[PDB]
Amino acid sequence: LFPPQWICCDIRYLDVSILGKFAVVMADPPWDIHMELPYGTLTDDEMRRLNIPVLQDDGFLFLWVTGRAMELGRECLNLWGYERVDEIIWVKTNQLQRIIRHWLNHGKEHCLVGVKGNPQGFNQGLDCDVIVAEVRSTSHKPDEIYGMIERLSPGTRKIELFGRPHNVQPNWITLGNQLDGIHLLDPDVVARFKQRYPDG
């Protein structure tokens, strides 16, 4: 196990190649659901043009979706050269395990699961595709997904895009523009960073 690493940055301008390859990529991106939202978004093009394909030779993508981002994420996920093999739903329960509140109340959140290439070693079929968990936070996923994924690919390198500070977990490099600076430890990335960003 490897302590949390992270890099505050615009995930539009960064040279993700320096970081190499991960068995698992996850993103909870700030989609341009045109609500005039209370945080910064990416346009569709920005998302399409995201430099995902560089991060994995083989392995899995965990992409969170919502509203129209259910259609666009599929697009993004195909354009990035993944096939979707699973769609995890999160069921939001209160502290008493009752469900919580577009023609219907949304009681669930969706996380598409993409595969790329021929991945091996994975304990496929260990978890099931429903997560039942309290809405402890505001706009965040549940800790349960880091559980499910480590059980899936134990001990491998994993990266997270648009991860905010509390999403930082062992084995996970977290990229995002709301992280407290840079914290890196894998010397082979330290090496590759310094020379690519000679003064950050």
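Between two forms, the rigid core is the largest collection of C-alphas that superpose within 1.5 Å. For every residue, the number given is its place in the sequence shown, counted from 1.
A.B. asks: Which is farther from the shown form in 4 other deposited structures of this protein in C-alpha RMS with the core fitted, 157-165 or 131-139?
C.D. replies: Between 131-139 and 157-165, the one lying farther away in 4 other deposited structures of this protein is 131-139.
A.B. asks: Of the stretches 72-80 and 102-110, which sits farther from where it is here in 4 other deposited structures of this protein, on average over its Cα atoms, after fitting the core?
C.D. replies: Larger mean C-alpha displacement, comparing 72-80 and 102-110 in 4 other deposited structures of this protein, is found in 102-110.
A.B. asks: How about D32: is it missing in a third or more of the other compared entries?
C.D. replies: Modelled in all the others, so no.
A.B. asks: What does the record say about the segment between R101 and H102: how many deposited residues are without coordinates (none, 1 to 3, 4 to 9, 10 or more)?
C.D. replies: According to the record, 4 to 9 deposited residues lack coordinates from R101 to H102.
A.B. asks: Comparing 159-167 with 29-37, which stretch shows the greater average C-alpha B-factor in the deposited entry?
C.D. replies: Between 29-37 and 159-167, it is 29-37 that shows the higher mean C-alpha B-factor.
A.B. asks: Regarding 129-137 and 47-55, which shows the higher C-alpha temperature factor on average in the entry?
C.D. replies: Averaged over C-alpha atoms, the B-factors run higher in 129-137.
A.B. asks: Is the Cα B-factor recorded for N123 in the lowest, middle or highest third of its chain?
C.D. replies: Middle third - that is where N123 ends up once the chain's C-alpha B-factors are sorted.
A.B. asks: Please place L79 in the lowest, middle or highest third of its chain according to the CA B-factor in the PDB entry.
C.D. replies: Its C-alpha B-factor belongs to the lowest third of this chain's values.
A.B. asks: Lowest, middle or highest third: where is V91 by Cα B-factor in its chain?
C.D. replies: Its C-alpha B-factor belongs to the middle third of this chain's values.
A.B. asks: Where does the C-alpha B-factor of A191 rank in its chain, lowest, middle or highest third?
C.D. replies: Ranked within chain, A191 CA B lands in the middle tercile.
A.B. asks: Pull the Cα B-factor of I11 out of the PDB entry and bin it into the chain's lowest, middle or highest third.
C.D. replies: For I11, the deposited C-alpha B-factor lands in the highest third.
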